[PDB]
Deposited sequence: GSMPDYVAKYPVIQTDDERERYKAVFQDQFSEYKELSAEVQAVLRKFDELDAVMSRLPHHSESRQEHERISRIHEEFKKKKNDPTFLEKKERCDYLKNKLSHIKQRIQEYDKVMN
């Protein structure tokens, strides 16, 4: 699931290569923008929820706590957060290769 973007994106040598890196950046940045929003919306909600806190109160807390804990630890969510963290680093790598080439040329 996580290719080595350092090996796949070496130092840019030609404008054709720069254009190819730009197109990969645009394709991936749109994919990252969509995941980043979804991941961030979940994490912020958790922060709001922690801020809210009879033997009924004990029942309600535990109910909330389990529900809250279940959503943050969910493997589908954590796979998306992992893809998101990967993409951020991959995109920063590509951005840096482009900027480096522009500066030189």
Coordinate gaps, deposited numbering: 1, 55 to 62, 115
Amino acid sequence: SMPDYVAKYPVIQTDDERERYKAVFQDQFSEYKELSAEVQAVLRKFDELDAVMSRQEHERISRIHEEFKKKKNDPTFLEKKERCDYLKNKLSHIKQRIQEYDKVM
From here on, numbers count along this sequence of modelled residues.
Where do the C-alpha atoms have the higher mean temperature factor in this entry, in 10 to 18 or in 85 to 93? 10 to 18
Of 76 to 84 and 31 to 39, which one has the bigger average CA B-factor? 31 to 39
